[PDB]
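Quick notes on the structure that follows.
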Amino acid sequence: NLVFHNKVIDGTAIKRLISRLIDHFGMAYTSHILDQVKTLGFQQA
Amino acid sequence: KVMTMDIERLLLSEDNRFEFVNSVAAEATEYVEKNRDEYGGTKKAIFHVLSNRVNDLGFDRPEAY
Amino acid sequence: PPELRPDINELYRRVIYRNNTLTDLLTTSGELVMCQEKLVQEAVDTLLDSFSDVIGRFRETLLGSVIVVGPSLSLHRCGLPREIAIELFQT
């Protein structure tokens, strides 16, 4: 679904991404997608 | 885990979120009136209503998942 | 009733005393009677506005653990301690 970024995640960029995810999928997917991106962020940090 | 997607599906099904939740409360209180089995342990009447309704949507979920 | 007032008791006592004194001066046998009528008026007015100082009950009587951040929770979960849950769910 989503475009491959190949570019750095600014805070504005992730605000765009999360908003577009909520608008595309609704809460159902995005509440899991964001909750997994939590774990990804923790891992890479 | 998955049960909230069913909730969202039913939220997407019903034309008013508040009316949906009212209908769930009604269904649960009439369930706990038409049946007087205790039905209060590891499975709960709310989850039962959600399960039966998603089964009406045709989806293979067991009672209280 | 006293169960709703277990400072205003002093005001009720003062009103009771002033009124009983005024009745006594009316009945036992006029400018002193008038003086007691005045002091009864003052007592009642002080007691009403006091109730006005009690009037606030809408906010005071009608309205009105430390957290730990846990990565291992899901976005919809929380961890509820045994020592608290055994109190919360007791019924």
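For the structure tokens, the naming scheme is as follows: chains receive sequential letters (A, B, ...) according to their order of presentation, residues are indexed from 1 within each chain, and ligands are indexed from 1 in presentation order.
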
Worksheet item: Could you name the residues that touch residue 32 in chain C at 12 Å or less, counting only C-alpha atoms, but leaving out those on the same chain fewer than 6 positions away, as a count of residues only?
Response: 8

Open item on the list: Only residues of chain A matter here; which ones have an atom within 9 Å of chain B, counting only C-alpha atoms? Give them as a PyMOL selection string.
Closed with: chain A and resi 26-29

Find the residues around residue 51 in chain B up to 10 Å (only C-alpha atoms counted), leave out those fewer than 3 positions away in its own chain, and share them as an mmCIF file with N, CA and C atoms, in the first residue's frame.
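selection15.cif, freshly written:
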```
data_model
loop_
_atom_site.group_PDB
_atom_site.id
_atom_site.type_symbol
_atom_site.label_atom_id
_atom_site.label_comp_id
_atom_site.auth_asym_id
_atom_site.auth_seq_id
_atom_site.Cartn_x
_atom_site.Cartn_y
_atom_site.Cartn_z
ATOM 1 N N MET B 3 -10.164 -8.632 18.525
ATOM 2 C CA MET B 3 -11.582 -8.340 18.720
ATOM 3 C C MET B 3 -11.946 -6.888 18.432
ATOM 4 N N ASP B 6 -13.198 -6.295 15.014
ATOM 5 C CA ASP B 6 -14.606 -6.631 14.886
ATOM 6 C C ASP B 6 -15.442 -5.484 15.409
ATOM 7 N N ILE B 7 -15.006 -4.889 16.523
ATOM 8 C CA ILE B 7 -15.714 -3.739 17.059
ATOM 9 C C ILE B 7 -15.745 -2.640 16.014
ATOM 10 N N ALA B 45 -20.526 -10.898 28.742
ATOM 11 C CA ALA B 45 -21.703 -10.683 27.902
ATOM 12 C C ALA B 45 -21.438 -9.691 26.774
ATOM 13 N N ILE B 46 -20.631 -8.660 27.028
ATOM 14 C CA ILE B 46 -20.314 -7.692 25.978
ATOM 15 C C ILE B 46 -19.582 -8.379 24.834
ATOM 16 N N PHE B 47 -18.542 -9.145 25.166
ATOM 17 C CA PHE B 47 -17.805 -9.880 24.146
ATOM 18 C C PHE B 47 -18.703 -10.887 23.444
ATOM 19 N N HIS B 48 -19.648 -11.483 24.174
ATOM 20 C CA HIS B 48 -20.604 -12.396 23.554
ATOM 21 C C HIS B 48 -21.471 -11.690 22.520
ATOM 22 N N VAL B 54 -20.690 -10.236 15.026
ATOM 23 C CA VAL B 54 -19.725 -10.450 13.950
ATOM 24 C C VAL B 54 -19.956 -11.794 13.260
ATOM 25 N N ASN B 55 -20.495 -12.784 13.978
ATOM 26 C CA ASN B 55 -20.929 -14.020 13.332
ATOM 27 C C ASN B 55 -22.105 -13.783 12.397
ATOM 28 N N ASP B 56 -22.986 -12.838 12.733
ATOM 29 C CA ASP B 56 -24.019 -12.437 11.784
ATOM 30 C C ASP B 56 -23.402 -11.795 10.549
ATOM 31 N N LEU B 57 -22.346 -11.001 10.737
ATOM 32 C CA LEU B 57 -21.526 -10.548 9.620
ATOM 33 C C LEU B 57 -20.805 -11.690 8.913
ATOM 34 N N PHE B 59 -18.399 -13.883 10.144
ATOM 35 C CA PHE B 59 -16.976 -14.030 10.419
ATOM 36 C C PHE B 59 -16.761 -15.076 11.505
ATOM 37 N N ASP B 60 -15.755 -15.928 11.302
ATOM 38 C CA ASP B 60 -15.519 -17.090 12.158
ATOM 39 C C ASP B 60 -14.790 -16.652 13.427
ATOM 40 N N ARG B 61 -15.563 -16.141 14.382
ATOM 41 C CA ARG B 61 -15.075 -15.891 15.728
ATOM 42 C C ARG B 61 -15.888 -16.698 16.731
ATOM 43 N N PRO B 62 -15.248 -17.366 17.685
ATOM 44 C CA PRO B 62 -15.990 -18.061 18.738
ATOM 45 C C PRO B 62 -16.514 -17.091 19.788
ATOM 46 N N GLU B 63 -17.423 -17.604 20.615
ATOM 47 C CA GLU B 63 -18.017 -16.803 21.679
ATOM 48 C C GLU B 63 -16.931 -16.258 22.600
ATOM 49 N N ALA B 64 -16.819 -14.928 22.651
ATOM 50 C CA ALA B 64 -15.773 -14.245 23.411
ATOM 51 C C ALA B 64 -14.380 -14.647 22.937
ATOM 52 N N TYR B 65 -14.260 -14.961 21.646
ATOM 53 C CA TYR B 65 -12.981 -15.122 20.942
ATOM 54 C C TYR B 65 -12.009 -16.042 21.683
#
```

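Those residues of chain A that fall within 8 Å of chain C when using only C-alpha atoms read residues 31, 32, 35 and 39 of chain A.
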
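The protein and nucleic acid residues lying at most 12 Å from range 50-63 of chain C are residues 5, 7, 8, 9, 10, 11, 12, 43 and 44 of chain C, with only C-alpha atoms considered and sequence neighbours fewer than 6 positions away removed.
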
Suppose we keep C-alpha atoms; can you now write the selection as a PDB file, in the first residue's frame?
```
ATOM      1  CA  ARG C   5     -24.751  20.029  60.439  1.00  0.00           C
ATOM      2  CA  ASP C   7     -20.399  27.160  62.890  1.00  0.00           C
ATOM      3  CA  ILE C   8     -24.034  27.300  61.798  1.00  0.00           C
ATOM      4  CA  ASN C   9     -25.066  25.573  65.038  1.00  0.00           C
ATOM      5  CA  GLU C  10     -23.977  28.735  66.860  1.00  0.00           C
ATOM      6  CA  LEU C  11     -26.244  30.740  64.552  1.00  0.00           C
ATOM      7  CA  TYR C  12     -29.217  28.443  65.169  1.00  0.00           C
ATOM      8  CA  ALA C  43     -29.466  37.140  63.616  1.00  0.00           C
ATOM      9  CA  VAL C  44     -31.625  35.636  60.863  1.00  0.00           C
TER      10      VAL C  44
END
```

task: Extract the full set of helix (DSSP H, G or I) residues from chain A according to DSSP on the backbone, and format it as JSON, numbers by chain.
output: {"A": [11, 12, 13, 14, 15, 16, 17, 18, 19, 20, 21, 22, 23, 24, 25, 27, 28, 29, 30, 31, 32, 33, 34, 35, 36, 37, 38, 39, 40, 41, 42, 43, 44]}

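Computed from the coordinates, the CA of residue 45 in chain A to CA of residue 23 in chain A distance equals 28.1 Å.
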
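Using only C-alpha atoms, the protein and nucleic acid residues lying no more than 12 Å from range 24-26 of chain B, apart from those fewer than 3 places from it along its own chain, are residues 7, 10, 11, 14, 17, 18, 19, 20, 21, 29, 30, 31, 32, 33, 34, 45, 46, 47, 48, 49, 50, 51, 52 and 53 of chain B.
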
For the residues in the current selection, export C-alpha atoms as a compact mmCIF listing (two decimals), in the first residue's frame.
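The file below, out25.txt, is the result:
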```
# COMPACT_ATOMS: atom_id res chain seq x y z
CA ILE B 7 -15.71 -3.74 17.06
CA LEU B 10 -19.52 -3.18 13.69
CA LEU B 11 -18.90 0.50 14.34
CA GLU B 14 -24.00 0.74 12.37
CA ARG B 17 -21.84 4.85 17.17
CA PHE B 18 -23.90 5.90 20.19
CA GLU B 19 -26.95 4.01 18.91
CA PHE B 20 -24.77 0.95 18.28
CA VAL B 21 -23.39 1.06 21.83
CA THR B 29 -29.07 -6.69 29.57
CA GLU B 30 -31.74 -8.66 27.74
CA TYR B 31 -29.31 -11.58 27.42
CA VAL B 32 -28.66 -11.43 31.19
CA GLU B 33 -32.43 -11.39 31.66
CA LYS B 34 -33.58 -14.05 29.17
CA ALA B 45 -21.70 -10.68 27.90
CA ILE B 46 -20.31 -7.69 25.98
CA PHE B 47 -17.81 -9.88 24.15
CA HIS B 48 -20.60 -12.40 23.55
CA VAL B 49 -22.78 -9.73 21.91
CA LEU B 50 -19.85 -8.59 19.76
CA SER B 51 -19.10 -12.22 18.83
CA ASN B 52 -22.68 -13.06 17.87
CA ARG B 53 -22.98 -9.85 15.84
```

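What separates CA of residue 89 in chain C from CA of residue 68 in chain C is a distance of 21.4 Å.
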
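Here CA of residue 47 in chain C is placed at a distance of 9.6 Å from CA of residue 14 in chain C.
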